[PDB]
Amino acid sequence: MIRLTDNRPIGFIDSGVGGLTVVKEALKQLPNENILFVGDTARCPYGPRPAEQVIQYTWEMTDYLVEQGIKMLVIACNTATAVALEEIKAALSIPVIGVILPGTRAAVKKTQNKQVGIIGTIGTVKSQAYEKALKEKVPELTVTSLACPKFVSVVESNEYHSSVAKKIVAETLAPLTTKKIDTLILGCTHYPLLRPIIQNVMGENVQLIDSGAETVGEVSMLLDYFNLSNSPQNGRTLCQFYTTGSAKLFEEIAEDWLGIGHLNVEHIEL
């Protein structure tokens, strides 16, 4: 019946730059939606931090984007999703999405032999978040969780296509290549930049699940569910990035990863 046209932007918050791959996926899947992104690089990383800190910082980014006018919020980083999602979703009047369940859901659907693997930071791996989510859905799954300590470093240093990269990924993932895993979740939003190498090392038979891409898939449905879609007549007119840290290092990374035109990046304070 009554379809509303809402041109307000969709908000994305992240501890650092990993969330840029979620934005890249949103630009592609939701060509008509406006985007606002905040990366708290001045306080990154969030992993080693206490829950209280992470929640406070996540609320500061949330409050900031809500005041900027967002109609929906995407928490684009595993750490924040894990610790702040439920509290923020319950408190806000707008839809709030995380980056753990969508990927889990996708893996459960893609797996044929029930041999599922997930890679991410040691923090993500040790939290057992993916293993728990996977098994809460299909307990017969054999889940292999592997931390990849230097992957984030490679990507953030913009060397995700270098020889150092291929060596780091090959060695790190070696033990995973011998468990008959047919589905591997990229449990860190920095990882899509290493996808080609990861795919080559895992082999063509292994299906790679991009958590961010799957999260953007859910967003698409929620836009229809909540009647919050923008119209194609309007199209995307706004894409603004905010960082609490060096706006220069950010715009540098962002333009490389998104591989598109000039990006609007602004330094802010929270």
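Numbers for residues come from their place in the sequence shown, where the first is 1.
Comparing 59-67 with 40-48, the stretch with the higher mean C-alpha B-factor in the PDB entry is 40-48. According to the PDB record, 81-89 carries the higher mean C-alpha B-factor of the two stretches 97-105 and 81-89. Looking at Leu258, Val22, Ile10, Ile13, the one whose CA carries the top B-factor in the deposited record is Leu258. Per the PDB record, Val201 has a higher Cα B-factor than any other of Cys239, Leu223, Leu30, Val201. The deposited CA B-factor of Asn227 belongs to the lowest third of values across its chain.
In the PDB entry, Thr189 places in the lowest third of its chain by CA B-factor. Among all modelled residues in its chain, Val164 ranks in the highest third by Cα B-factor. Sort the modelled residues of the chain by CA B factor and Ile209 lands in the middle third.
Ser157: CA B factor lies in the middle third for its chain, per the PDB record.
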